[PDB]
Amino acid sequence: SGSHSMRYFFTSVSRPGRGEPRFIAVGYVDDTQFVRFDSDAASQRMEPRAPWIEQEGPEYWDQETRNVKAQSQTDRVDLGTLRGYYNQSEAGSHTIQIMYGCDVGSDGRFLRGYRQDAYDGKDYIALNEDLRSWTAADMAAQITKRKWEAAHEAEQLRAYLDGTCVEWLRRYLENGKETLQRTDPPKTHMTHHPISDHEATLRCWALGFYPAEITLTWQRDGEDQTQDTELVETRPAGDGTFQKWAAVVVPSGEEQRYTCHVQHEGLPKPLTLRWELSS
């Protein structure tokens, strides 16, 4: 509830006979982007995306550039290797995705570390919660799991996920404490849109909230509506805040039967919204 996270996301996309793969890396503290690398950008450097990281010195940018450029060269090999494992041709575009990070509690103590890899939009291999073993998703990926077990990659990575990652997360949170400790609860409201003379869409809104996790439910007379609810995916406002809505189509005159329940870390009490007609 006062817990935080540091995550890096990598995507490598092979370009058949058109040069090197498109590589894009992003790091995040909670839901705030703070670094970026894009193999097609001008700088060819890891670049800052949050003011509180701008402060880091030229050796920090030098080391993050070298490590992220390397990560992409190891993703470029892996695309060729995984093409071999899944017996695919050299003609098609393929994708590797990687995500890794750690979480701390409100007092800065390690909670969790993770690393998850994917090939063409499906699970390939992931590190287990214990941080000392792997789970492969199929028999191709079990080959990777044997290399990494041989080289004891889990134990080097554990030292980062439960050590280095936690110390740098704790620093970024201290260095960025203006930006990062702010929780914004949702500004909620309800709108009403007749479909016809006899029905209308009720839409329950949640606006300007941070961080992105939220729940929106529709109850009719205290019973859930999970089947007739239209839910949209949570979305960025573009100012660092998030938005979502949910809708139910209801018979005209029955609006006051329906409730929209809103849950967010910021909110003291879960909000209950009702469309109340004239008095």
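Residues carry their position along the shown sequence, with the first being 1.
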| property | result |
| --- | --- |
| Average Cα temperature factor in the PDB entry - higher stretch of 231-239, 212-220 | 212-220 |
| Of 172-180 and 77-85, the one with larger mean CA B-factor | 172-180 |
| Residue of maximum C-alpha B factor among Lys145, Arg158, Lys122, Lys187, per deposited coordinates | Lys187 |
| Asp117 - Cα temperature factor, lowest/middle/highest third of chain | lowest |
| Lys69 - which third its CA temperature factor falls in, relative to the rest of the chain | middle |
| Chain thirds of CA B-factor: placement of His192 | lowest |
| Lowest, middle or highest third - CA B-factor, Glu254 | highest |
| Within-chain third of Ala151 by Cα B-factor, per the entry | middle |
